[PDB]
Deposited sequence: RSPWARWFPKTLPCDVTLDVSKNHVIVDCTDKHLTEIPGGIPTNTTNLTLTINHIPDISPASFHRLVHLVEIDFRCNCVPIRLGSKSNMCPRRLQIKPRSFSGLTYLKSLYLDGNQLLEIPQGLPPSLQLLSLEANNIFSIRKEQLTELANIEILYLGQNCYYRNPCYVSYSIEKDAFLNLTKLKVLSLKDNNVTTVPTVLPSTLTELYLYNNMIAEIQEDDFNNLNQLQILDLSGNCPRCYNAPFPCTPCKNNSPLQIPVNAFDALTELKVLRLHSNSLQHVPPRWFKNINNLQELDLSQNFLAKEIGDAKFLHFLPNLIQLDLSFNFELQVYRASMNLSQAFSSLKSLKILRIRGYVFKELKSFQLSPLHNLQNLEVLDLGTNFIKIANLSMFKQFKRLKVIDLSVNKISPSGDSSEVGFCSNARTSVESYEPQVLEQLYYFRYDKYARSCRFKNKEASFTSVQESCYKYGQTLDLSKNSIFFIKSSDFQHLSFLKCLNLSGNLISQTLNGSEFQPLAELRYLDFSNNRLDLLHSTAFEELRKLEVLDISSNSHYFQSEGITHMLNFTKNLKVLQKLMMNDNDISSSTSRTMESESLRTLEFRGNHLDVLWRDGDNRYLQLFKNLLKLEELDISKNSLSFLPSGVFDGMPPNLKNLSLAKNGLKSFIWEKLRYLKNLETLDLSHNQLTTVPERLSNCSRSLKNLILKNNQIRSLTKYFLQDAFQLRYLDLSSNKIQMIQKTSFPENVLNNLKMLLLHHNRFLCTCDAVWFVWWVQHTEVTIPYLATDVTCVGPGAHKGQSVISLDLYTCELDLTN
């Protein structure tokens, strides 16, 4: 480079994007390009905005000035904002091309004035604005999107009811989206402009809908009235219900004007009845969320479903009656109306026994993909019943009591300041009480692609006779179980098995004297991936694992340290006969060193090797000559103190060397000499002081995709003159260059960034 970075911001270029997110700034920086279209300054501590702020920046279409002063309870309690953001007059009115402005999370007291007529989007979430006046909104003639939420709630209280003048929004003739969520609003702020497409009014104090409230809103596609007269039972937040357990009162004709309506969410409204009359003039409804109400009875009746032939998703989760364990699930025949239904969820209805007939109302739903009966405390269920449901993508019985955060969020859509479904048909029996299994349990289920048994009781000496019906099965998640690997024939029946997870089945590996057989993988002739993480495996009766197919083995969280104890050669070839193995994760095996033999004993095609988080205190680098196809080596989070004298005499194939979080204090004189194949190198979080040219030749350095250097101990004396220069001028990506690549001394420069460092005197 002719001139160094200097600017503390990622200047991408598409549109000219300047991104100064979380750069510990107290002023907008100098040097921002004149052609800047989008400028982001979110999470900084810039205490004011003036006409100087954006003076030259005439082509700005977007300003993201979020979270420079987030409200006290929302922010960090180490770094509390002492004084609200100040916005002086005239700061925005120069900006003719400005289309989006984001001033959320700045403790603003009022809608900021003097905004340009070009503005289409204004976002003021998480401020202290709880009174909307018509006069304050006339600057927004041309506004289309308006976020006003999260200014009066339990985490950012205003201590009063929210106030919106009569007809405040009406003369916003182009307004499409309006969000007043999380605000302590008491009524729908009539009259609303008919142009509205989305209206978010959830988590508020609206006790009633008047029948003229949505009179003119023909174009409305999304309505959310959730959390008004909330159902408070086991709320993980402060929850005040409406008096007498009352519901949100919605006149039978309240929706008659909403012809175009695609999404209606009535989550947590304490509803007991879903009067069919609501939906008379709503033909095209696609999505209905009725979760967290009191509709256990209404689900038996449910006449309203007769008016919903277009409905793709219906949510009836968490409608149980308190203190009531129903013996079964009374589903309405009405459900058969729901011709278009792709997704149905009925978690938290709370019943003991599921029988095949209770689901009969759904048998003809042609488009049905997802049936979710999770978290129902179901104790009894003949799983063969799902023979009818071969066409379903997912059948979720997760969290039950079978044995042969989302619904409880306050605001799941809240914005920040910053799987095996793809294998085919899936039956999720996770987190259930299944202690024993046998073939009959899976009879008529030969269609299943993924079976999830994670988090059951299964404490069984699997012999190959247990999943015998499941010959289409590609994925078995057997994690968080108590597999007893006595027989090498475990899992051999699953002849189509591509992926097996036996992670966190440590129980029986923790006790001495117990025969385990890790050689069970010869039998599984299509197995691509095996996960046996966190099993505490320190003993094995067989001494090799063999497979012709296995590409990936995750072996983290075991005791290879015991198996490879110095002077015990028995297990040095444990992975040798995994002949296709490209990827081996042996991180967290409390390996303080590697005996000779470990690398010779690796399989031939090893591409990607993780020894992360072991406590490695030493490492013979020369032994990487045995791993002739090695491309990524992960030695992160260890106690290594030195790099090889010559990486090119260790491994000519290595592209990615991860050394972050070690105890390296310098580099060897010719470290990277000749390592032309190297592309990525992470030396971050070490204790390096100096780096000379001999170690980091330009030949090799300038071909790196990335070089990570942050969190070291750089000495910024005139001995550092080459490195400081090189960093300052190189094209090579070096993340955190303007935040965490800093000098620690000498004196003057202590704390100073290497990129700002001007060492004239040399």
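- Gaps between the deposited sequence and the modelled coordinates occur at 1-5, 20-23, 414-440, 455-467, 812-817, listed in sequence order.
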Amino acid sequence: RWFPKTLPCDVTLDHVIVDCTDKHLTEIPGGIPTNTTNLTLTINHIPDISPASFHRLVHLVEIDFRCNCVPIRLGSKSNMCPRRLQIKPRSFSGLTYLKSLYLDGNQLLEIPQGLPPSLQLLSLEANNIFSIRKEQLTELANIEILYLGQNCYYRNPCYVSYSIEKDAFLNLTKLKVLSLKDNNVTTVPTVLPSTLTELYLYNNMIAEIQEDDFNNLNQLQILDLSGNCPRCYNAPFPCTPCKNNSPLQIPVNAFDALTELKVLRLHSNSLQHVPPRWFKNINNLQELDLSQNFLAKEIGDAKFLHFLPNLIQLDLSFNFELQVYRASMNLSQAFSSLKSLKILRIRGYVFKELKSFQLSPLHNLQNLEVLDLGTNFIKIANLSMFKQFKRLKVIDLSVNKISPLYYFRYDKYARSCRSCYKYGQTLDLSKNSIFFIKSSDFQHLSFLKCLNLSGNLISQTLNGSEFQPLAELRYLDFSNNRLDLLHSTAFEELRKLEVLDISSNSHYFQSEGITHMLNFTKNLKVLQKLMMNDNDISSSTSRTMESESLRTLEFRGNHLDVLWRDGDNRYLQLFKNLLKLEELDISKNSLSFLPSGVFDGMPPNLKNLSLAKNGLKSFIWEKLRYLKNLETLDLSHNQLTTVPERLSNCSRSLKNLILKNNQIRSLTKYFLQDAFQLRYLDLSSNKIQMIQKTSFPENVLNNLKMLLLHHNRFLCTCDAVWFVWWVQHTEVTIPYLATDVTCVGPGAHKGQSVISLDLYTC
From here on, numbers count along this sequence of modelled residues.
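- In at least one third of the other compared structures of this protein with flanking residues present, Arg418 is left unmodelled.
- The PDB entry records a higher mean C-alpha B factor for 384-392 than for its counterpart among 384-392 and 112-120.
- When the two stretches 584-592 and 250-258 are set side by side, the higher mean Cα temperature factor goes to 250-258.
- The PDB entry assigns its highest CA temperature factor, among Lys660, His507, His363, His559, to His363.
- Which of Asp411, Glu353, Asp104, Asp289 has the largest Cα B-factor in the deposited entry comes down to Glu353.
- Ranked within its chain, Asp740 lands in the middle third, by CA B factor from the PDB record.
- Per the PDB record, residue ranking by Cα B-factor puts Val61 in the middle third of the chain.
- Ranked by C-alpha B-factor against the other modelled residues of its chain, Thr12 falls in the highest third.
- Ranked by C-alpha B-factor against the other modelled residues of its chain, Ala748 falls in the highest third.
- For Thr138, the recorded CA B-factor ranks within the middle third of the chain. Only modelled residues enter the ranking.
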